[PDB]
Amino acid sequence: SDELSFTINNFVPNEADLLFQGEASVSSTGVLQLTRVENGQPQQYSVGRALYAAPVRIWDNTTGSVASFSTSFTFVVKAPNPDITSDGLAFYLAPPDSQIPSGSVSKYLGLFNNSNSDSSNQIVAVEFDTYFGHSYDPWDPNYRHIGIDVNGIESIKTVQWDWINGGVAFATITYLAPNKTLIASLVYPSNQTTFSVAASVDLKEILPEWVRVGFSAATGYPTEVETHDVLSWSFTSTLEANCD
Amino acid sequence: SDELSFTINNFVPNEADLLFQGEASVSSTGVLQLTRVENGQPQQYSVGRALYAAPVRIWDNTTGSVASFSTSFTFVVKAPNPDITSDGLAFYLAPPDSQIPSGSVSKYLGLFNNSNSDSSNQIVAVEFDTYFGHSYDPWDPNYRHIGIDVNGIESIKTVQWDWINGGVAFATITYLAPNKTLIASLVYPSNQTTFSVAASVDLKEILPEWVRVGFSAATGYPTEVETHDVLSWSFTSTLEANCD
Amino acid sequence: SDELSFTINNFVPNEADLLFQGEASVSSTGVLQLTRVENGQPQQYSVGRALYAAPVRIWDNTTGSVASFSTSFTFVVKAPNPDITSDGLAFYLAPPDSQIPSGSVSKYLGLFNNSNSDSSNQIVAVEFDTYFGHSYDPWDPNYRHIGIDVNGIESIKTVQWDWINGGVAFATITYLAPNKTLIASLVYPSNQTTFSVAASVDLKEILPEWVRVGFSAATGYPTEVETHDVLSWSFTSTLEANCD
Amino acid sequence: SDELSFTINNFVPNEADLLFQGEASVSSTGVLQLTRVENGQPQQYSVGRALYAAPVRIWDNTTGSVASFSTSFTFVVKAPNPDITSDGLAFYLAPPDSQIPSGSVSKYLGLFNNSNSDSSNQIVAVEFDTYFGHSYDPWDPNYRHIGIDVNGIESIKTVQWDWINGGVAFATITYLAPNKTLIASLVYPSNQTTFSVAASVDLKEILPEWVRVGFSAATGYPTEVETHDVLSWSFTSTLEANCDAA
Ligand SMILES: *[C@@H]1O[C@H](CO)[C@@H](O[C@@H]2O[C@H](CO)[C@@H](O[C@@H]3O[C@H](CO[C@H]4O[C@H](CO)[C@@H](O)[C@H](O)[C@@H]4O)[C@@H](O)[C@H](O[C@H]4O[C@H](CO)[C@@H](O)[C@H](O)[C@@H]4O)[C@@H]3O)[C@H](O)[C@H]2NC(C)=O)[C@H](O)[C@H]1NC(C)=O
Ligand SMILES: *[C@@H]1O[C@H](CO)[C@@H](O[C@@H]2O[C@H](CO)[C@@H](O[C@@H]3O[C@H](CO[C@H]4O[C@H](CO)[C@@H](O)[C@H](O)[C@@H]4O)[C@@H](O)[C@H](O[C@H]4O[C@H](CO)[C@@H](O)[C@H](O)[C@@H]4O)[C@@H]3O)[C@H](O)[C@H]2NC(C)=O)[C@H](O)[C@H]1NC(C)=O
Ligand SMILES: *[C@@H]1O[C@H](CO)[C@@H](O[C@@H]2O[C@H](CO)[C@@H](O[C@@H]3O[C@H](CO[C@H]4O[C@H](CO)[C@@H](O)[C@H](O)[C@@H]4O)[C@@H](O)[C@H](O[C@H]4O[C@H](CO)[C@@H](O)[C@H](O)[C@@H]4O)[C@@H]3O)[C@H](O)[C@H]2NC(C)=O)[C@H](O)[C@H]1NC(C)=O
Ligand SMILES: *[C@@H]1O[C@H](CO)[C@@H](O[C@@H]2O[C@H](CO)[C@@H](O[C@@H]3O[C@H](CO[C@H]4O[C@H](CO)[C@@H](O)[C@H](O)[C@@H]4O)[C@@H](O)[C@H](O[C@H]4O[C@H](CO)[C@@H](O)[C@H](O)[C@@H]4O)[C@@H]3O)[C@H](O)[C@H]2NC(C)=O)[C@H](O)[C@H]1NC(C)=O
Ligand SMILES: *[C@@H]1O[C@H](CO)[C@@H](O[C@@H]2O[C@H](CO)[C@@H](O[C@@H]3O[C@H](CO)[C@@H](O)[C@H](O[C@H]4O[C@H](CO)[C@@H](O)[C@H](O)[C@@H]4O)[C@@H]3O)[C@H](O)[C@H]2NC(C)=O)[C@H](O)[C@H]1NC(C)=O
Ligand SMILES: *[C@@H]1O[C@H](CO)[C@@H](O[C@@H]2O[C@H](CO)[C@@H](O[C@@H]3O[C@H](CO)[C@@H](O)[C@H](O[C@H]4O[C@H](CO)[C@@H](O)[C@H](O)[C@@H]4O)[C@@H]3O)[C@H](O)[C@H]2NC(C)=O)[C@H](O)[C@H]1NC(C)=O
Ligand SMILES: *[C@@H]1O[C@H](CO)[C@@H](O[C@@H]2O[C@H](CO)[C@@H](O[C@@H]3O[C@H](CO)[C@@H](O)[C@H](O[C@H]4O[C@H](CO)[C@@H](O)[C@H](O)[C@@H]4O)[C@@H]3O)[C@H](O)[C@H]2NC(C)=O)[C@H](O)[C@H]1NC(C)=O
Ligand SMILES: *[C@@H]1O[C@H](CO)[C@@H](O[C@@H]2O[C@H](CO)[C@@H](O[C@@H]3O[C@H](CO)[C@@H](O)[C@H](O[C@H]4O[C@H](CO)[C@@H](O)[C@H](O)[C@@H]4O)[C@@H]3O)[C@H](O)[C@H]2NC(C)=O)[C@H](O)[C@H]1NC(C)=O
Ligand SMILES: *[C@@H]1O[C@H](CO)[C@@H](O)[C@H](O)[C@H]1NC(C)=O
Ligand SMILES: *[C@@H]1O[C@H](CO)[C@@H](O)[C@H](O)[C@H]1NC(C)=O
Ligand SMILES: *[C@@H]1O[C@H](CO)[C@@H](O)[C@H](O)[C@H]1NC(C)=O
Ligand SMILES: *[C@@H]1O[C@H](CO)[C@@H](O)[C@H](O)[C@H]1NC(C)=O
Ligand SMILES: *[C@@H]1O[C@H](CO)[C@@H](O)[C@H](O)[C@H]1NC(C)=O
Ligand SMILES: *[C@@H]1O[C@H](CO)[C@@H](O)[C@H](O)[C@H]1NC(C)=O
Ligand SMILES: *[C@@H]1O[C@H](CO)[C@@H](O)[C@H](O)[C@H]1NC(C)=O
Ligand SMILES: *[C@@H]1O[C@H](CO)[C@@H](O)[C@H](O)[C@H]1NC(C)=O
Ligand SMILES: [Ca+2]
Ligand SMILES: [Ca+2]
Ligand SMILES: [Ca+2]
Ligand SMILES: [Ca+2]
Ligand SMILES: [Mn+2]
Ligand SMILES: [Mn+2]
Ligand SMILES: [Mn+2]
Ligand SMILES: [Mn+2]
């Protein structure tokens, strides 16, 4: 509650402390696969979500304290066709009872089913969007991007990101509550490249007192499929008290 | 999984990260009450259990790694009648799907319903037994005690403990896996007294790979009731890898 | 040794756990001032260095283990004249017995006194260079930059950085040893801007087994002076063992 | 300062982050030896002290905040003659500039040189005293003990302790500042035995704002020598802020 820190360097099949929604699963080799894979090939129209079992406490209505946190993970996106990719994944905080919305949720990364932004969603996400289509995703920019989503698919702030096929990406997301700042960074040590972005968000009005952290991913047409994988994931959060 | 640490200095009503079984609840003042209390008075035949939402990983069958951990909490036992008290409470590790056994479970601290020890229980507990009755609890010693229970109410090792009515007790439980040692200590800073005990247990054969940690408490006849309360609770565990 | 973590949210005068070289000092208000300030005005030709008292263990020659670490701090650079600024500061790892080189060390940020790179220096730094002069600093680029220095002032990799006068900057430096990667990030939450850079370095050949971490800063001519301040600083490092 | 945590599972020769006073040293095998050992035999009249390089912040005079901390370590005491042992060792907090007092400091575990208690010492120690002599140590009880020392060799509180020759002991010392309580526990997993003690101390009046943590050990006559060794040592302290005073 006040403080919560965990680290998962490797995953196991049917992991107990992870709640899976959709078709997400963990392979025998120990890699967390949000999209089902048959004989080394990704499938089409596959949506997956994983969450940590324990809800995370963000703020208190009585005292007014608000939590600042930081997390880091390693993920891989590998597509048979480098030219075009489908949708992508995201790291998101949602209500504990959040479930997959009904209907077509591919272009929304399995988080929403409507393009409009509503304050009732109470979802705060950092998306790694690899699909820059204009007809299906008019809101997204022309290039592959890393964006911050607050109660809507239309990201308040995005940064151009150069995706590498079969490349391990080390991502870090840090929220500073006193400064009301969300920072997302991604690093490719294979080419030694960095992409960073920051935004101004206040979790008091957006998210409830208790939330759940996790990952989401989606896929589209069979021709433009891809594989999303997570190898490690570390999280730490503390609820500092304000006497003011 | 590999590492998990949390700290709860204060509790809130309907806490999300705590699973309650029986009649356990959290008061408005922020104290975790395993036994229901009416207008400042404990009730009779009340059994309560609380667990952490996230299961804890102890060991791996493939690598052979085993986790060592440590936890600390503060609890209060306050009875209207200091002469005689009912049952008591315990800090226990059990399977994630553990539920309250049917039948009379008061004298067993809400963990078992049979006096015999069976390896299928897979429950490892540290009990603070305040009831020294001989007819109902022939297994327990003549004095109030702190005991270690492994797959049975009959504690493998117990230490005499002087209970103080309305006294805050600071307890610490530490498991060292390489040495296969479980250590339980209790401190009263109001009188500056300490009671410690150690035992030899191996969680490989007893508990499964994934377990849940928490507290349990029970009460008996109305004349000899008592109030069990928990004010704070901190836990930390790491899964160190063995290359041997 | 194996693990070391500390956090200093506020500083105190004549702090015991900080070793000061040059004219660095801590103000009564609790801000770490590397450059001496008279009545709210910075001085000229002022060089300061601060280090943590405890040396940090990086690697072992026998086992071959190498440490990965992460640190974060907050710093402020405030100059009376926004047009031109002097030198700058840096976060550096050096030998425990490192001292200020003799001679003009202003343009070298108080770390070196020669422009050439020599492997005997054994200094690894992340510099926030605010002086883009060409005659005095031909090696530096045309713009204010954040650079990574390995045994020389000429940074192996630099990133353009927009300096803000009187603006609080939150910086984070993370070294991953298995991937041999050094990452430096800087954030301005007042304007919500981020600047990140990564480089490939191996501390085995560069630094010795035991090093000291800290900060350095320098100033130049009186007309182009500036004030360097540090408000908070957190560091954490672990020495993970490799069984390969 | 506000928070400081470190862990040393193994030691190395000439360790940089440890300050050694006296004849303490680290062996090639990686064990911290406070008393010099020749060819596997302890020596006589050997006094050693080790401290962590970084001073530890306990309290602030302005805000009034006071730090609570916890530490754990593993130590071995092995004597050729189990019948009688010399002096012992202790885990102590002292001023950063503390040095070995001049004169005979064997019976005082290398911390003091006078039996009387003076508030100017500013030393807070947890001693594992293995010498129960009455003529040389009239203050100590009749049995081997674990004691808490505050500005004096005469321990305010002691607990009987059964020493095991060549036995690994796991010790844990925890200070709770809001409750002003110091707790010391020792465990032998080889026989599964525990010895615990608690005392009431306030570091505000005793120790200064900045202190240094470490270990001390001493030896006596050649016939009753022993070897003191430390295998691992972990420390963690945090300075929690109190808004009641402010
Ligand atoms: C992220 O988080 C915080 C907010 O939570 C951001 O805001 C800064 O936080 C600091 C510390 O809380 C605050 O600094 C305050 O500045 C006040 C005014 O500054 C005086 O001193 C300077 C000295 O040069 C003068 O230039 C100036 O003219 C003023 O005279 C001070 O009054 C404050 O002191 C206070 O101390 C205690 C509380 O600790 C109070 O009880 C006192 O009454 C007193 O008021 C304090 O020093 C300030 O809110 C922000 N800093 C600024 C404006 O510089 C952080 O900026 C942000 N951190 C990041 C991004 O790293
Ligand atoms: C809790 O956990 C551990 C077990 O997990 C308990 O067991 C001790 O652990 C240590 C360290 O692993 C082991 O110590 C070993 O002792 C071996 C023999 O000792 C030699 O050296 C002494 C020096 O005085 C001589 O007296 C003696 O005659 C022997 O010559 C050594 O061989 C071991 O060294 C090994 O190092 C590496 C591994 O790190 C190996 O690759 C080498 O091949 C080499 O074998 C090692 O030093 C031993 O298992 C236990 N310690 C003993 C018996 O003293 C801990 O006791 C327990 N900790 C607690 C309760 O605090
Ligand atoms: C930062 O740090 C590490 C290096 O320290 C970087 O390197 C990766 O680290 C991982 C894990 O150590 C290594 O992955 C290895 O890949 C080997 C080959 O891959 C097989 O499996 C895939 C499955 O799709 C096939 O595609 C492929 O064709 C191969 O069949 C495996 O053999 C390795 O498994 C090993 O497991 C144990 C050790 O844990 C060994 O004992 C076994 O013998 C077995 O060899 C292992 O899975 C690999 O070194 C690097 N990953 C790669 C190449 O994908 C990290 O990339 C870097 N992390 C960042 C930047 O986040
Ligand atoms: C180690 O540390 C602390 C001291 O630092 C020791 O002292 C206890 O700490 C708690 C929490 O700070 C304090 O509890 C206080 O008790 C007050 C009175 O109790 C009322 O409620 C009970 C309910 O049964 C009634 O029985 C009783 O008659 C009273 O009606 C309360 O007033 C306090 O509430 C306060 O909350 C906030 C601060 O958080 C204040 O702003 C409010 O004004 C309000 O006063 C509070 O609940 C108390 O100091 C000590 N606990 C006691 C006496 O029970 C710890 O005991 C010690 N911990 C160990 C050894 O584990
Ligand atoms: C886009 O997403 C929204 C939100 O999901 C979606 O609106 C509704 O969401 C709910 C929850 O997923 C859908 O779930 C069920 O649909 C049927 C018919 O309602 C029933 O199984 C359930 O309805 C009963 O239970 C509700 C409990 O709140 C009651 O409110 C209700 O009165 C019924 O008793 C349950 O709602 C629901 O189907 C959709 N609504 C519709 C018309 O489908 C929205 O539909 C999505 N818009 C798209 C894809 O265009
Ligand atoms: C002491 O504790 C043991 C263990 O609880 C207890 O044995 C049985 O435990 C189960 C689980 O709590 C009891 O629960 C239910 O009882 C009835 C009748 O069986 C049904 O609701 C359920 O039985 C069905 O579901 C089971 C699923 O495994 C099937 O195995 C079974 O075939 C049925 O389909 C469920 O079991 C169960 O009642 C008790 N057994 C009895 C006779 O009560 C034991 O009874 C306790 N001994 C005491 C109090 O003396
Ligand atoms: C650029 O930096 C280098 C490295 O500092 C510098 O070379 C020498 O560095 C040392 C250490 O700071 C200087 O320090 C002293 O200088 C005088 C004369 O040597 C003496 O105080 C000392 O010399 C004695 O002690 C040394 C110990 O190693 C002995 O090696 C020596 O034989 C003497 O006994 C000590 O060295 C030293 O002055 C400089 N060398 C010179 C000529 O100044 C180098 O000078 C700098 N280059 C610049 C500014 O152009
Ligand atoms: C028991 O312990 C106390 C405390 O150590 C001891 O008193 C004195 O302690 C100091 C510090 O260890 C001893 O150190 C030196 O002794 C000589 C003579 O004084 C000098 O080297 C030094 O004295 C000079 O420096 C001092 C700095 O404070 C000045 O105060 C002084 O005026 C001198 O300029 C330094 O003190 C000191 O020797 C002892 N005092 C004596 C008489 O030895 C005490 O002696 C011990 N009692 C025993 C063993 O019975
Ligand atoms: C917080 O407390 C105030 C008390 O007036 C109440 O009005 C408000 O509804 C509460 N908000 C939440 C989310 O509980
Ligand atoms: C990264 O390095 C590899 C080396 O083979 C190279 O093939 C690839 O083109 C590089 N990618 C980028 C974006 O530089
Ligand atoms: C552990 O692995 C071995 C492989 O032979 C298997 O026999 C055993 O059943 C496994 N144990 C568990 C609890 O999975
Ligand atoms: C503890 O201290 C209080 C002080 O009032 C006293 O009443 C009580 O008897 C003491 N309890 C024990 C076991 O010493
Ligand atoms: C490391 O060990 C090898 C052993 O052959 C030795 O040659 C080498 O000099 C050592 N390196 C250092 C820096 O001690
Ligand atoms: C940052 O915000 C302030 C608001 O007053 C503005 O003055 C300043 O120009 C901004 N700086 C940048 C680089 O946008
Ligand atoms: C603490 O502050 C007060 C201010 O009046 C002062 O009198 C006292 O000497 C200070 N104590 C210490 C140890 O600095
Ligand atoms: C501890 O166990 C060993 C087993 O050999 C035994 O020799 C020794 O006497 C025991 N010590 C105590 C105090 O029980
Ligand atoms: Ca898209
Ligand atoms: Ca009983
Ligand atoms: Ca420059
Ligand atoms: Ca003695
Ligand atoms: Mn997008
Ligand atoms: Mn019992
Ligand atoms: Mn530069
Ligand atoms: Mn003694």
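Residue numbering for chain D follows Swiss-Prot, covering 30-275 in order.
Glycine too: its Cβ is placed from the backbone N, Cα and C atoms.
Over in Swiss-Prot, the protein carries these features:
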BINDING   D:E156, D:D158, D:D169, D:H174  Mn(2+) binding site
BINDING   D:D158, D:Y160, D:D166, D:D169  Ca(2+) binding site
CARBOHYD  D:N90  N-linked glycosylation site
CARBOHYD  D:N142  N-linked glycosylation site
CARBOHYD  D:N208  N-linked glycosylation site
CARBOHYD  D:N220  N-linked glycosylation site
Between D:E156 (Mn(2+) binding site) and D:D166 (Ca(2+) binding site): CA-CA distance (Å): 14
Glycosylation sites listed as D:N142, D:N208, D:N220, least Cβ neighbours within 10 Å: D:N220
8 Å Cβ shell about D:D158, D:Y160, D:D166, D:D169 centroid, Ca(2+) site members excluded: D:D116, D:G117, D:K136, D:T159, D:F161, D:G162, D:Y165, D:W168, D:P170, D:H174
Other CB atoms, at most 10 A from the CB of D:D158 (Mn(2+) binding site): 27
Cα-to-Cα gap, D:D158 (Mn(2+) binding site) vs D:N142 (N-linked glycosylation site), nearest whole Å: 16
Set of same-chain residues at least 6 away whose C-beta sits under 8 angstroms from D:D169 (Mn(2+) binding site): D:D158, D:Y160, D:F161, D:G162, D:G176, D:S184, D:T187
By Cα-Cα distance, the member of recorded positions D:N90, D:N142, D:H174, D:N220 nearest D:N208 (N-linked glycosylation site): D:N90
In sequence order, those recorded positions of D:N90, D:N142, D:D158, D:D166, D:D169, D:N208 whose CB lies under 6 Å from ligand 4: D:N208
D:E156 (Mn(2+) binding site) to D:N90 (N-linked glycosylation site) - Cα separation in whole Å: 29
Interface-proximal recorded positions, chain B, C-beta separation under 8 A, candidates D:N142, D:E156, D:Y160, D:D169, D:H174, D:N220: none
Cα-to-Cα gap, D:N220 (N-linked glycosylation site) vs D:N90 (N-linked glycosylation site), nearest whole Å: 46
Fewest other C-beta atoms within 10 angstroms, as judged across D:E156, D:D166, which are the binding-site residues: D:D166
Rounded Cα-Cα span from D:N90 (N-linked glycosylation site) to D:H174 (Mn(2+) binding site), Å: 35
Cα-Cα distance linking D:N90 (N-linked glycosylation site) and D:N142 (N-linked glycosylation site), given in Å to the nearest integer: 30
Lowest local Cβ density among D:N90, D:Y160, which the record lists as recorded positions, within 10 Å: D:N90
DSSP state at D:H174 (Mn(2+) binding site), helix/strand/coil: strand
D:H174 (Mn(2+) binding site): tally of other CB atoms within 10 A of its CB: 23
Cβ-centroid neighbours of Mn(2+) site D:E156, D:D158, D:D169, D:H174, 8 Å, sequence order: D:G117, D:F157, D:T159, D:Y160, D:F161, D:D166, D:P170, D:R173, D:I175, D:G176, D:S184, D:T187
